[PDB]
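Chains as they are written, first to last, in full-length UniProt numbering: chain X, 102 to 151; chain B, 8 to 112; chain R, 9 to 106; chain E, 2 to 90; chain C, 7 to 90; chain S, 2 to 96; chain A, 153 to 190, 208 to 404.
First up is the structure itself, then whatever we jot down about it.
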Amino acid sequence: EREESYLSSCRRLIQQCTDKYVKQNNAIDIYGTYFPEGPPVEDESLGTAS
Amino acid sequence: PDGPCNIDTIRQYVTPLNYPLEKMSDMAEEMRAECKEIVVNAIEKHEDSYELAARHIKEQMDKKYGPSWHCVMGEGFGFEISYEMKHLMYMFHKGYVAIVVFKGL
Amino acid sequence: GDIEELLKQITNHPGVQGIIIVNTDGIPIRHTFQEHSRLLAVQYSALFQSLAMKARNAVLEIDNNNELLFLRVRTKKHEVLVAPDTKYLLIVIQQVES
Amino acid sequence: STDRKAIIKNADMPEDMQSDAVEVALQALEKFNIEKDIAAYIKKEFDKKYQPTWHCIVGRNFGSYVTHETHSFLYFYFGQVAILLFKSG
Amino acid sequence: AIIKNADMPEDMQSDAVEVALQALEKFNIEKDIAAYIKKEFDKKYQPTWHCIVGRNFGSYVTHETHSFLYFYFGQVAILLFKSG
Amino acid sequence: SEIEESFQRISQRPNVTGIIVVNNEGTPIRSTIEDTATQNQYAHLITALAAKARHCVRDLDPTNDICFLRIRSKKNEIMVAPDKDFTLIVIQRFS
Amino acid sequence: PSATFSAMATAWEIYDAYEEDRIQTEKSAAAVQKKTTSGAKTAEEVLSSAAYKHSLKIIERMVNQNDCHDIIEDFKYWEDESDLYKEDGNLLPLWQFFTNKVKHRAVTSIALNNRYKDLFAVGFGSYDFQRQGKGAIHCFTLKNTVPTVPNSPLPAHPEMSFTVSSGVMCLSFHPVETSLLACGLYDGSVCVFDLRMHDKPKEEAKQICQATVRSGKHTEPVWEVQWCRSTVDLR
Numbered sequence: 102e103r104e105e106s107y108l109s110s111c112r113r114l115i116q117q118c119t120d121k122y123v124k125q126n127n128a129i130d131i132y133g134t135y136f137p138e139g140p141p142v143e144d145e146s147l148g149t150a151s
Numbered sequence: 008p009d010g011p012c013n014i015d016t017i018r019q020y021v022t023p024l025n026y027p028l029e030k031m032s033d034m035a036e037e038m039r040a041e042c043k044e045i046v047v048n049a050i051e052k053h054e055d056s057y058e059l060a061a062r063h064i065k066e067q068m069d070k071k072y073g074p075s076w077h078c079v080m081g082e083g084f085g086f087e088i089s090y091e092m093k094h095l096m097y098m099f100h101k102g103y104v105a106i107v108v109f110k111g112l
Numbered sequence: 009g010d011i012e013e014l015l016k017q018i019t020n021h022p023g024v025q026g027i028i029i030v031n032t033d034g035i036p037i038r039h040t041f042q043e044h045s046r047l048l049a050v051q052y053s054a055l056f057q058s059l060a061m062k063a064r065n066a067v068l069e070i071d072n073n074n075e076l077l078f079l080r081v082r083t084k085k086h087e088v089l090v091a092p093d094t095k096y097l098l099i100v101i102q103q104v105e106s
Numbered sequence: 002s003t004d005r006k007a008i009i010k011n012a013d014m015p016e017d018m019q020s021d022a023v024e025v026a027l028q029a030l031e032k033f034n035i036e037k038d039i040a041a042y043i044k045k046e047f048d049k050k051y052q053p054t055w056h057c058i059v060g061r062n063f064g065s066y067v068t069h070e071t072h073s074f075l076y077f078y079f080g081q082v083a084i085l086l087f088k089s090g
Numbered sequence: 007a008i009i010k011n012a013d014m015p016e017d018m019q020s021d022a023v024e025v026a027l028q029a030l031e032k033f034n035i036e037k038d039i040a041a042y043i044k045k046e047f048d049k050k051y052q053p054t055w056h057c058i059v060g061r062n063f064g065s066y067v068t069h070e071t072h073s074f075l076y077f078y079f080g081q082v083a084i085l086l087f088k089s090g
Numbered sequence: 002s003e004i005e006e007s008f009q010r011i012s013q014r015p016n017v018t019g020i021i022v023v024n025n026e027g028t029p030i031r032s033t034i035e036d037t038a039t040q041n042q043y044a045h046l047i048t049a050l051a052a053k054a055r056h057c058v059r060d061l062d063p064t065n066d067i068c069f070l071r072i073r074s075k076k077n078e079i080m081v082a083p084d085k086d087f088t089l090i091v092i093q094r095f096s
Numbered sequence: 153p154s155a156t157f158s159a160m161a162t163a164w165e166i167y168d169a170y171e172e173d174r175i176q177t178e179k180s181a182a183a184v185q186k187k188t189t190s208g209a210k211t212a213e214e215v216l217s218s219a220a221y222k223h224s225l226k227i228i229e230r231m232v233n234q235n236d237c238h239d240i241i242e243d244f245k246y247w248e249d250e251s252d253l254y255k256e257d258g259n260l261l262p263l264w265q266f267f268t269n270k271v272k273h274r275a276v277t278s279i280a281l282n283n284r285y286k287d288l289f290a291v292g293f294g295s296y297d298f299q300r301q302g303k304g305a306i307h308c309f310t311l312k313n314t315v316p317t318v319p320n321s322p323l324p325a326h327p328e329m330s331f332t333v334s335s336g337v338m339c340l341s342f343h344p345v346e347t348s349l350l351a352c353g354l355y356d357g358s359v360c361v362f363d364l365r366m367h368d369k370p371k372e373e374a375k376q377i378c379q380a381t382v383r384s385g386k387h388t389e390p391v392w393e394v395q396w397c398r399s400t401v402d403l404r
């Protein structure tokens, strides 16, 4: 962690990049789906009496 | 602490699989029965030192079947060995541990 | 000095715990890890370093005037971001919000 | 992030053999993707050039012990992925 | 057992098996094991017998009948023929 | 159908003209890129990378599965959607 | 005689080996209990796979959303600094939505879903007394924002879309069961949708029911509807 000095520059560049991407990732979800499951199923109490 | 970054969560996932298992073998019936017994007993005997478990394994193995045996532990690795048939052993145990035992050529 | 302060600024964000800096020698020292987690540190460092090596090889093979900048990958339960450098590598781990 | 450095400390073979193993492992890791075919490539190349039987164990962690003949042992690792190689015959 | 060549009685096949196994269990030097086999076999049933020890080889010998045997264990091969 | 509608939608927009579907065997399927050599090399390299990504995820955790990847570069961008039966790859170019 | 062998040892290999053992043990147990008691898919099938359309939806949504990278950032993370000093208020425009299918008509309704923060229903109709005609209902989501470059508007796609014989200006989500949506018609009737059914495209995907004159249809256009907080009966 001592040997040289562009350690700081490298971590700064990489870290600002990772910061903005994790920032926007945390901002809003990107992979959900509306109503992924659960169309109702009814067999005994049928919707008709035929 | 909870969730990722903790070994305990992965261990909880892989916990209830604590008994030996394998299905790939050609080597003779009494002799892989004895081999599986000796390796599981050595695993139970030595928990800290995989080296010392390998010691105890290979000492019984070669004292009871002559010289020219080899054996390696692991929980992640790969291998490729030339060998004579009826002599290859490759077992899983603990849910994450693998073993091979074989004859030199 | 201020590098740990920047790291804690990063960790202030919701739903994040884990940052790894990897050098050329493969020694993974920069971590939000407790005592027990050297094994997982070695895990992530070695595997992601190999992945980044192959990724950058693929990039310079597919084009000689392009240079890889960033990578993420998903699971059903997790998120992980990785960023390469000419000498170093950064890995951060993020958790899915409901 | 450019390449991987060599770490060698246990050796029973001359420096030419050690170096030959070094560039063999470098070529294998560079060109190939999986430790499967890395080990396969290094084993077949060494068997072709210097006669059977070579045996190699490639991995992430393992504890090994083998019986090897004269001048048949080396301990050379690149990064945190590791390779052991020996004569047995 | 891997026993495919024999001009022995069954008891001779047997005690040949135990003497060879016990010699192999003791020693690893071919001189030492062949020494045990020849001298002990001579002790038991008189001159002149000869055993041959080797992992790979070629031999073509002469003997009286009921006085020849050939057998294996693992990677060692044993001839046993009478002459003299 | 709706598949065709969404596909033409993804294709028609500028700075995005490339979509390839790769089967389990690695043989290319219905595609839009023109150059055969470019298509072949793209498919081979990206499927190799996707297999390594599945390697990574499964090695890190056995009961955790993977469906996503992308590559971000200084001029190009790669969309990778792996699946048990196919792999969908999309090409993006920045201005 | 000699032979060679190679194998790989890794976590998923151990895991799925043990798992397959679990399934085959369960199968053997089930077979014992029963005895005691008594090629690759074609390219057409790959194209027709539902996983394929799932992947297409996700990937088009992502390419749109990383086209729109900065505007989401100033949507959620922007803070006005001048307001600390200046006293009165200000506004900032964020996004615009329109489709090519709803041209020459007005947009009059907005409803919000309780379970999802980023979904809203959009009802179309005309308040001109002479331009009455058919009506449309659509469902827009904040997952699919599009850049509004000046002198070049680009339309977006509703996730859910339905059409109906008359203009609609009524939208009522049921508050706790987040799928039932009631709406009305200019002609004097109402109909209800349950947009859970939108997964299946196998038919035209009608509404549940619509009122008839024998059922009690109203004689004038209707624009206001509201559910009741009850689950024993739907009202």
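C-beta atoms are modelled at their ideal positions from N, C-alpha and C, and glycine is treated no differently.
- Residue pairing by DSSP places X:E104 in no beta bridge whatsoever.
- The contact set of E:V59 on chain B, defined by CB atoms closer than 9 Å, consists of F84, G85, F86, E87 in chain order.
- Shown here for B:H77: same chain residues with a beta carbon closer than 7 Å to its own, the five before and five after excluded, namely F109, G111 in chain order.
- The alpha-carbon separation between C:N34 and E:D21 amounts to approximately 35 Å.
- Using a Cβ-Cβ cut-off of 8 Å, E:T68 counts as an interface residue toward chain B, since at least one Cβ of chain B sits closer than that to its own.
- Note on geometry: alpha-carbon atoms of A:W247 and A:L288 lie some 22 Å from one another.
- In the DSSP assignment, A:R230 falls within the alpha helix (DSSP H) that extends over 219-236.
- With respect to S:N41, A:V215 sits apart: the two C-beta atoms are not nearer than 8 Å.
- Below the 9 Å Cβ cutoff, chain A contributes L216, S217, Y221, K222, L225 as neighbours of S:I4, in chain order.
- Under the 8 Å criterion on CB atoms, A:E178 is classed as non-interfacial with respect to chain X.
- Contact holds between the region 30-44 of chain C and the region 56-63 of chain C, because three or more Cβ pairs, one in each stretch, are under 8 Å apart.
- Within chain C, the C-beta atoms nearer than 7 Å to that of B:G73 come from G80, in chain order.
- Remark: fewer than three beta-carbon pairs, one from each stretch, lie closer than 8 Å, so the region 78-98 of chain R and the region 5-14 of chain E are not flagged as touching.
- Chain S has no Cβ within less than 8 Å of the Cβ of R:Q17.
- The criterion of a C-beta distance shorter than 8 Å is not satisfied by B:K71 and B:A60.
- Each residue's CA atom was taken as its position, placing C:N62 and C:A83 some 8 Å apart.
- Beta-bridge pairing by DSSP links B:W76 to B:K110.
- From the beta-carbon of R:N74, the residues of chain S found nearer than 9 Å are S74, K75, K76, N77.
- Linking C:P15 to E:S73 through their CA atoms gives a straight-line distance of about 46 Å.
- Rounded to whole angstroms, the Cβ separation of R:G26 and R:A54 is 16 Å, and the two are not in contact under 8 Å.
- Straight-line spacing of the CA atoms in X:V123 and R:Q102 works out to 8 Å.
- Beta-bridge partners assigned by DSSP to B:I88: A:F157.
- The closest CA to that of B:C12, considering only R:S106, R:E69, R:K84, R:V24, is found on R:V24.
- Taking a Cβ-Cβ threshold of 8 Å, the residues of chain A close to B:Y97 are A159, in chain order.
- Close CB contacts of A:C308 within its chain, under the 6 Å cut and outside five residues either way in sequence, are with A290, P327, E328, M329 (chain order).
- When the Cα atoms are used, C:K45 and C:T68 turn out to be separated by approximately 20 Å.
- With respect to chain R, the C-beta atom of B:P27 has no partner C-beta closer than 8 Å.
- Around A:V333, the same chain offers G304 as residues with beta carbons nearer than 6 Å, after the five sequence neighbours per side are excluded.
- Using beta-carbon distances, E:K49 does not count as an interface residue toward chain A, since no partner is under 8 Å.
- Residue state for R:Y52 is assigned as helix, using DSSP reduced to three classes.
- About 6 Å separates the beta carbons of R:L59 and S:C57, which is inside the 8 Å limit, making them a contact pair.
- Looking at S:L61, S:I72, S:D62, the one whose alpha-carbon comes closest to that of R:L68 is S:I72.
- Residues are counted here when their Cβ sits less than 8 Å from a Cβ of chain B; for the UniProt domain "Roadblock/LAMTOR2" (11-102) of chain R these are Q25, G26, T40, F41, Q42, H44, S45, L47, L48, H86, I101, given in chain order.
- Comparing alpha carbon positions, the residue from R:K16, R:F41, R:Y96, R:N72 closest to B:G10 is R:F41.
- The beta carbon of S:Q93 is closer than 8 Å to those of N16, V17, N77, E78, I79, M80 in its chain, skipping five residues each way along the sequence.
- Residue range 3-13 is occupied by the alpha helix (DSSP H) that includes S:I11.
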